Each structure stands twice: as structure tokens, then as C-alpha cells.
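Structure below is start_11.cif: mmCIF, C-alpha atoms and all ligand atoms.
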```cif
data_input
loop_
_atom_site.label_atom_id
_atom_site.label_comp_id
_atom_site.auth_asym_id
_atom_site.auth_seq_id
_atom_site.Cartn_x
_atom_site.Cartn_y
_atom_site.Cartn_z
CA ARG A 1 74.74 104.48 77.57
CA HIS A 2 78.53 104.24 77.08
CA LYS A 3 77.82 100.82 75.62
CA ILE A 4 81.36 100.00 74.45
CA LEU A 5 83.06 101.41 77.58
CA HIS A 6 81.10 99.15 79.92
CA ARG A 7 82.14 96.22 77.72
CA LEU A 8 85.84 97.11 77.59
CA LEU A 9 85.79 97.48 81.39
CA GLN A 10 84.88 93.77 81.71
CA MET B 1 114.83 104.46 100.21
CA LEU B 2 111.69 102.86 98.62
CA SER B 3 109.32 100.40 100.29
CA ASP B 4 108.02 97.08 99.00
CA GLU B 5 104.51 98.48 98.45
CA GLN B 6 105.79 101.42 96.41
CA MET B 7 108.03 99.35 94.16
CA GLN B 8 105.14 96.87 93.96
CA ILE B 9 103.09 99.70 92.39
CA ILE B 10 105.97 100.55 90.04
CA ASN B 11 106.18 96.91 88.93
CA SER B 12 102.44 96.79 88.13
CA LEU B 13 102.42 100.08 86.23
CA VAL B 14 105.47 99.21 84.11
CA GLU B 15 104.03 95.83 83.13
CA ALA B 16 100.62 97.39 82.46
CA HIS B 17 102.30 99.76 80.04
CA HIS B 18 104.24 96.94 78.44
CA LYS B 19 101.07 95.01 77.63
CA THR B 20 99.22 98.03 76.26
CA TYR B 21 101.98 99.67 74.16
CA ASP B 22 103.44 97.77 71.20
CA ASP B 23 106.80 99.18 70.08
CA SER B 24 106.42 97.31 66.76
CA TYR B 25 103.48 99.52 65.68
CA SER B 26 102.54 96.56 63.47
CA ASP B 27 98.82 96.88 64.26
CA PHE B 28 98.94 100.24 62.45
CA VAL B 29 98.71 98.53 59.04
CA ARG B 30 95.07 97.71 59.88
CA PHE B 31 93.96 101.33 60.24
CA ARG B 32 92.47 103.08 57.26
CA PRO B 33 95.60 104.20 55.40
CA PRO B 34 97.00 107.72 55.74
CA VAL B 35 96.35 109.99 52.75
CA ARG B 36 98.29 113.18 51.99
CA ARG B 37 89.52 117.53 52.23
CA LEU B 38 90.41 116.13 55.68
CA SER B 39 92.40 113.29 54.10
CA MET B 40 94.14 112.23 57.30
CA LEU B 41 91.00 112.09 59.48
CA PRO B 42 90.21 108.37 58.85
CA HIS B 43 93.73 107.09 59.60
CA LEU B 44 94.07 109.36 62.61
CA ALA B 45 90.60 108.58 63.95
CA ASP B 46 91.45 104.90 63.66
CA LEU B 47 94.75 105.78 65.37
CA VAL B 48 93.11 107.53 68.36
CA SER B 49 90.44 104.82 68.60
CA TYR B 50 93.05 102.08 68.90
CA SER B 51 94.92 104.18 71.48
CA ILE B 52 91.74 104.54 73.59
CA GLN B 53 91.58 100.76 73.78
CA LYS B 54 95.19 100.62 74.93
CA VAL B 55 94.61 103.29 77.61
CA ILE B 56 91.55 101.37 78.91
CA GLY B 57 93.75 98.29 79.06
CA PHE B 58 96.37 100.25 81.02
CA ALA B 59 93.75 101.88 83.27
CA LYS B 60 92.27 98.53 84.32
CA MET B 61 95.74 97.50 85.56
CA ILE B 62 96.31 100.58 87.71
CA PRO B 63 95.94 99.25 91.29
CA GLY B 64 92.56 100.33 92.64
CA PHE B 65 91.11 101.78 89.43
CA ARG B 66 89.41 98.41 88.90
CA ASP B 67 87.77 98.61 92.32
CA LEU B 68 86.23 101.98 91.47
CA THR B 69 82.61 102.26 90.47
CA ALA B 70 81.90 101.87 86.74
CA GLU B 71 80.61 105.44 86.49
CA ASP B 72 83.87 106.75 88.01
CA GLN B 73 86.00 104.63 85.67
CA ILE B 74 83.98 106.06 82.75
CA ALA B 75 84.27 109.66 84.01
CA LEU B 76 88.04 109.39 84.53
CA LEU B 77 88.60 107.84 81.09
CA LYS B 78 86.25 110.23 79.29
CA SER B 79 87.92 113.38 80.59
CA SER B 80 91.52 112.10 80.70
CA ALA B 81 91.81 109.96 77.55
CA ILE B 82 93.07 112.66 75.20
CA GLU B 83 95.65 113.56 77.87
CA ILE B 84 96.94 109.97 78.34
CA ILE B 85 97.18 109.51 74.58
CA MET B 86 99.16 112.75 74.30
CA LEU B 87 101.43 111.41 77.04
CA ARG B 88 101.94 107.90 75.67
CA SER B 89 102.58 109.31 72.19
CA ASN B 90 105.75 110.95 73.61
CA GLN B 91 107.36 107.50 73.28
CA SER B 92 107.00 107.75 69.46
CA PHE B 93 107.96 111.46 69.21
CA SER B 94 111.32 112.45 67.73
CA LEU B 95 113.12 115.73 68.38
CA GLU B 96 115.08 115.27 65.15
CA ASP B 97 111.94 115.29 62.97
CA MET B 98 109.52 116.99 65.40
CA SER B 99 107.05 114.27 64.48
CA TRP B 100 105.67 110.96 65.74
CA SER B 101 107.64 108.17 64.01
CA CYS B 102 105.76 104.89 64.47
CA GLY B 103 107.96 102.42 62.65
CA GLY B 104 107.47 103.06 58.95
CA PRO B 105 107.32 106.24 56.87
CA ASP B 106 103.56 106.01 56.30
CA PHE B 107 103.20 105.94 60.12
CA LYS B 108 105.25 109.12 60.56
CA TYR B 109 102.91 112.03 61.33
CA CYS B 110 104.08 115.65 61.32
CA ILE B 111 102.08 118.78 62.15
CA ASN B 112 100.98 119.18 58.54
CA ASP B 113 99.47 115.68 58.55
CA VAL B 114 97.37 116.43 61.63
CA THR B 115 95.98 119.59 60.03
CA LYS B 116 94.59 117.27 57.30
CA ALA B 117 92.57 115.75 60.15
CA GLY B 118 90.69 119.01 60.86
CA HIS B 119 93.01 120.54 63.49
CA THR B 120 94.59 124.00 63.66
CA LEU B 121 97.94 125.27 64.90
CA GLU B 122 96.14 126.72 67.93
CA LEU B 123 96.30 123.09 69.12
CA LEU B 124 99.25 121.67 67.22
CA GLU B 125 101.67 124.46 68.15
CA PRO B 126 101.28 123.90 71.94
CA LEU B 127 101.05 120.11 71.56
CA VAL B 128 104.40 119.72 69.81
CA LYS B 129 106.07 122.18 72.22
CA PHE B 130 104.61 120.02 74.99
CA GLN B 131 106.12 116.91 73.38
CA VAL B 132 109.48 118.67 73.23
CA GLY B 133 109.53 119.85 76.83
CA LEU B 134 108.38 116.37 77.77
CA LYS B 135 111.08 114.62 75.76
CA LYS B 136 113.78 116.88 77.29
CA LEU B 137 112.92 115.65 80.80
CA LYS B 138 114.41 112.26 79.73
CA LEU B 139 111.91 110.51 81.97
CA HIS B 140 112.61 107.04 83.18
CA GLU B 141 110.16 104.32 82.20
CA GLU B 142 108.93 104.31 85.81
CA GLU B 143 108.45 108.09 85.78
CA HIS B 144 106.57 108.07 82.47
CA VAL B 145 104.24 105.28 83.53
CA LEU B 146 103.53 106.92 86.93
CA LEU B 147 102.55 110.21 85.31
CA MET B 148 100.00 108.48 83.06
CA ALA B 149 98.47 106.88 86.14
CA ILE B 150 98.55 110.17 88.05
CA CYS B 151 96.92 111.96 85.10
CA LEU B 152 94.20 109.33 84.78
CA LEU B 153 93.50 109.12 88.53
CA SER B 154 92.78 112.84 89.00
CA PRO B 155 89.69 113.35 91.19
CA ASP B 156 89.17 116.89 89.77
CA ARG B 157 87.37 115.65 86.70
CA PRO B 158 83.76 116.35 85.68
CA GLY B 159 81.56 113.38 86.55
CA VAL B 160 83.53 111.87 89.44
CA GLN B 161 81.44 111.07 92.52
CA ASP B 162 83.89 109.26 94.82
CA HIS B 163 86.22 112.23 95.01
CA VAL B 164 87.75 110.96 98.26
CA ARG B 165 88.70 107.48 97.04
CA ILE B 166 90.35 108.76 93.86
CA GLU B 167 92.39 111.45 95.62
CA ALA B 168 93.58 108.73 97.98
CA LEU B 169 94.74 106.66 95.00
CA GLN B 170 96.28 109.58 93.14
CA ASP B 171 98.10 110.64 96.32
CA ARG B 172 99.83 107.29 96.88
CA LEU B 173 101.08 107.49 93.28
CA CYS B 174 102.64 110.93 93.80
CA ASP B 175 104.37 109.68 96.95
CA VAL B 176 105.87 106.93 94.80
CA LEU B 177 106.81 109.29 91.97
CA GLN B 178 108.34 111.80 94.45
CA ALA B 179 110.32 109.09 96.27
CA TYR B 180 111.42 107.40 93.03
CA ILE B 181 112.93 110.61 91.65
CA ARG B 182 114.59 111.42 94.98
CA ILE B 183 116.26 108.00 95.19
CA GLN B 184 116.54 106.70 91.61
CA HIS B 185 116.88 109.87 89.45
CA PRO B 186 120.24 111.71 89.70
CA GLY B 187 119.79 115.43 89.11
CA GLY B 188 116.04 115.11 89.69
CA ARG B 189 116.03 117.93 92.24
CA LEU B 190 113.29 119.72 90.27
CA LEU B 191 111.86 116.94 88.08
CA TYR B 192 108.71 116.26 90.10
CA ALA B 193 107.64 119.92 89.92
CA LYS B 194 108.01 120.08 86.14
CA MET B 195 106.15 116.79 85.83
CA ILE B 196 103.30 118.45 87.76
CA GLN B 197 103.49 121.40 85.39
CA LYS B 198 103.17 119.04 82.40
CA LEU B 199 99.85 117.98 83.94
CA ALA B 200 98.64 121.60 83.95
CA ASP B 201 99.76 121.82 80.32
CA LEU B 202 97.67 118.74 79.51
CA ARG B 203 94.57 120.47 80.90
CA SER B 204 95.08 123.32 78.43
CA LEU B 205 95.72 120.85 75.59
CA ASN B 206 92.58 118.88 76.57
CA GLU B 207 90.58 122.11 76.49
CA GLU B 208 91.85 123.15 73.07
CA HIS B 209 91.27 119.68 71.65
CA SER B 210 87.78 119.57 73.18
CA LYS B 211 86.94 122.81 71.38
CA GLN B 212 88.33 121.65 68.03
CA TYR B 213 86.70 118.20 68.25
CA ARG B 214 83.29 119.73 68.93
CA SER B 215 83.36 121.51 65.56
CA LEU B 216 84.66 118.31 63.98
CA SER B 217 81.76 116.25 65.33
CA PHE B 218 79.08 118.87 64.54
CA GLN B 219 79.65 118.26 60.83
CA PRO B 220 78.27 114.79 59.94
CA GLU B 221 80.45 114.47 56.83
CA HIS B 222 83.42 114.47 59.23
CA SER B 223 81.99 112.75 62.28
CA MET B 224 80.90 109.90 59.99
CA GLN B 225 84.65 109.35 59.48
CA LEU B 226 85.18 108.75 63.22
CA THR B 227 84.84 105.43 65.00
CA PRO B 228 82.08 104.43 67.45
CA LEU B 229 84.58 104.30 70.31
CA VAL B 230 85.92 107.79 69.55
CA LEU B 231 82.38 109.16 69.45
CA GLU B 232 81.46 107.47 72.74
CA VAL B 233 84.53 108.58 74.70
CA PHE B 234 84.70 112.13 73.34
CA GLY B 235 80.93 112.31 73.47
CA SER B 236 79.28 114.65 75.92
CA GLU B 237 76.81 111.98 77.07
CA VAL B 238 76.44 111.55 80.81
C1 LIG C 301 97.94 107.80 69.54
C2 LIG C 301 99.26 107.57 69.73
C3 LIG C 301 100.34 108.13 68.76
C4 LIG C 301 100.38 109.43 68.42
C5 LIG C 301 99.56 110.55 68.82
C6 LIG C 301 99.35 111.66 68.09
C7 LIG C 301 99.92 111.89 66.71
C8 LIG C 301 99.01 112.60 65.71
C9 LIG C 301 98.18 113.69 66.38
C10 LIG C 301 97.40 113.12 67.57
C11 LIG C 301 96.64 111.84 67.17
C12 LIG C 301 96.49 114.04 68.37
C13 LIG C 301 95.55 115.07 67.76
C14 LIG C 301 94.60 114.53 66.66
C15 LIG C 301 93.27 114.06 67.26
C16 LIG C 301 92.27 113.67 66.18
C17 LIG C 301 90.80 113.58 66.63
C18 LIG C 301 90.66 112.54 67.81
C19 LIG C 301 89.89 113.09 65.49
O1 LIG C 301 90.49 114.83 67.15
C20 LIG C 301 95.08 116.20 68.65
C21 LIG C 301 96.13 116.46 67.63
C22 LIG C 301 96.66 113.86 69.67
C23 LIG C 301 97.72 112.84 69.97
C24 LIG C 301 98.49 112.78 68.63
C25 LIG C 301 101.24 107.00 68.24
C26 LIG C 301 101.79 106.09 69.40
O2 LIG C 301 102.67 106.85 70.25
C27 LIG C 301 100.61 105.53 70.30
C28 LIG C 301 99.77 106.69 70.91
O3 LIG C 301 98.68 106.16 71.75
#
```

If you took the structure in this file and wrote it as C-alpha cells, what would it be?
Ligand SMILES: C=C1/C(=C\C=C2/CCC[C@]3(C)C(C4(CCCC(C)(C)O)CC4)=CC[C@@H]23)C[C@@H](O)C[C@@H]1O
Amino acid sequence: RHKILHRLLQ
Amino acid sequence: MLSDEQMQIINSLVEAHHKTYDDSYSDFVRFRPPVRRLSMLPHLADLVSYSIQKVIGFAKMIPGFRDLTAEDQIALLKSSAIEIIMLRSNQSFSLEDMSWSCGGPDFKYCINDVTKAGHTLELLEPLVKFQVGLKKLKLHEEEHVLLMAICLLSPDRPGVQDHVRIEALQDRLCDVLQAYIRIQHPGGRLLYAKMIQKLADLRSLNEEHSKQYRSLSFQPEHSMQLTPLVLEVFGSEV
């Protein structure tokens, strides 16, 4: 989960 | 006086903030326009969402935050995001109008506007008082950017597992903030204490917002107006 957060954290 | 490592931190934080905060507010034209039931929710949800991306940009540039585990970075950002946004918004807050003036008139939000986003005075009354007490401190750029990093790097958040490492980080930042005021802020004899109090105020504001967002997101006709990033960050998923 937290799909976008992982992305935005490189 | 201040050491090279401490002013090295200050340099990083200030630049981090300069990348992630755009004084021209020109990106605002791309949000869903403000309208003035719950007419301001789309513009404001787009507003918050954009701010979350800025805070994540800033966070990644705080020395050490990057080297944290990805769970910890998530946990810090999830619990502290509404607080950092409330902090960074102080840059756009005017004591003349008692409102956030972001360039143009359609990007000027008063209390009444934010009620048209599903929020009550039980939150807006303490928030705008908080913005006023915060503006009266006349913080330096360095002091403002340190407090955002101190607020974000709090180990006493739900979810955090490396409580030691984050308290270490947060500590070194307070040493810098304490030594900066002592040496670079005339009349700052009490400023650090009242900056610490503003943190305690942010916990109350967080709490009140958390309550009022829960009701907002339990009604699909309103949560459908939010953005995926807002729902992820303010979501209770673990
Ligand atoms: C964003 C920001 C700005 C303002 C912040 C505001 C103004 C309106 C009210 C806001 C959005 C709130 C509310 C509404 C929250 C709405 C929702 C997320 C749907 O529950 C809590 C009053 C908290 C911070 C406030 C503009 C600029 O300073 C960048 C900053 O980064």
C-alpha cells in the first residue's frame, strides 16, 4: 500500500 | 558561535525550502478553480494535495530523512503532513486580512472560504489564531525552515519503529535552532520556547483536523472530490 508515497520517495 | 556542521544543516534546509515553495503561486491556476454545497472543497483539496508533494520534496532534502527506512518516512509524513502544511502556509498568511493571500484574489482564502470545504470554526478559530501568534514571532527564514524539519522529524508519531534514530536527528536540529537564535536572533531570549509551544499547538490542530477530515471522507459524495494523494496520506491505512 501507500502506492504514490513510495513513488514520490524515489 | 555556530559550527560548520550546524550552518551546513541550515544551508541545506533553506535551499530545500526554496525548491519546494514557489512564491509566484503560479501553479495554483491548475487547481480546480475556487467557487464561492462544499463549493471550495475541490480547489482546496487540490491545494492540499499539491502542498503534500512539496512537503515530500522538502522532507527528502532534510539530512538523514532520506537514510531512514521507507516505512518510517511514510509514518512521519502521514502524521506530520497537515502540521507542515499549516506551518508553510504561514508564509502566505496576512495579518491585515487574516487570510492566506497567494498572489491573486482568487487565491486569497479567508475563514469563510474554508468552511465551504467542510470545516468548522472548532478548527478554523484555533488555526488562524495559530497563524497570528506564529506571524508575530517574526521568524527568520532559518528559524521557519528548522521548525518544519523539527516538526516532521518527531519520533513520537504513530507508526515509527526506529524511535532512536529519529530522536537523534530531531535533537541535532534543536541544537541548531537553539544556537541560531542565541547567536543570530537579537531579543530571542524566549523565542525557542515559544517555537516549542507552537509544536504543541500543531498537535491539537492535527487532532481537530483529523476528526473533521474523518467525517469528510466517510461521505463518498465529498471524498470523491478529494485527490488520490490526499486520500493516501490522510488515510488510516498501515
Ligand atoms: C497549503 C498551503 C497554503 C495554505 C493553507 C491553508 C489555507 C486554507 C485552509 C487550509 C488548506 C487548511 C484546512 C483545510 C483542509 C482541507 C482538507 C485537506 C480537505 O481537509 C484545515 C483548514 C489547512 C492549511 C490551510 C498556501 C501556501 O502557503 C502553500 C501551503 O502549502

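Residues in contact with segment 1-7 of chain A at 9 Å, where all atoms listed in the file are counted and same-chain residues fewer than 5 positions away are skipped, are listed as residues 56, 70, 74, 228, 229, 232, 233, 237 and 238 of chain B.
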
Contacts of segment 147-155 of chain B at 6 Å (all atoms listed in the file; same-chain gap of 5+ positions) as a ChimeraX atom specification: /B:80,84,163,166-167,170

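Here the question is which of B:2, B:75, B:164, B:9 gets nearest to chain A using all atoms listed in the file, and that residue is B:75.
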
Close residues to ligand LIG 301 (chain C) using all atoms listed in the file, limit 7 Å, as a PyMOL selection string: chain B and resi 41+44-45+47-48+51+82+85-86+88-92+100+102+109+114+117+119+123-124+209+213+226+230

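The nearest approach to residue 145 of chain B among the residues B:43, B:67, B:223, B:59, with all atoms listed in the file taken into account, belongs to B:59.
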
Looking at B:15, B:46, B:5, B:71, which one is nearest to residue 9 of chain A, with distances taken over all atoms listed in the file? B:71

For each of B:68, B:10, B:1, B:77, take the minimum atom-to-atom distance to residue 8 of chain A, counting only C-alpha atoms, then give the residue where this is smallest. B:77

Correct to one decimal, the distance atom CA of residue 55 of chain B-atom CA of residue 21 of chain B is 8.9 Å

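Taking atom CA of residue 39 of chain B as the reference point, atom CA of residue 201 of chain B is found at 28.5 Å.
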
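Minimum distance to chain A across B:61, B:40, B:7, B:173 (counting only C-alpha atoms) occurs at B:61.
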
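Straight-line separation from atom CA of residue 174 of chain B to atom CA of residue 133 of chain B: 20.4 Å.
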
Across B:13, B:29, B:199, B:52, the smallest distance to chain A, with only C-alpha atoms counted, is shown by B:52
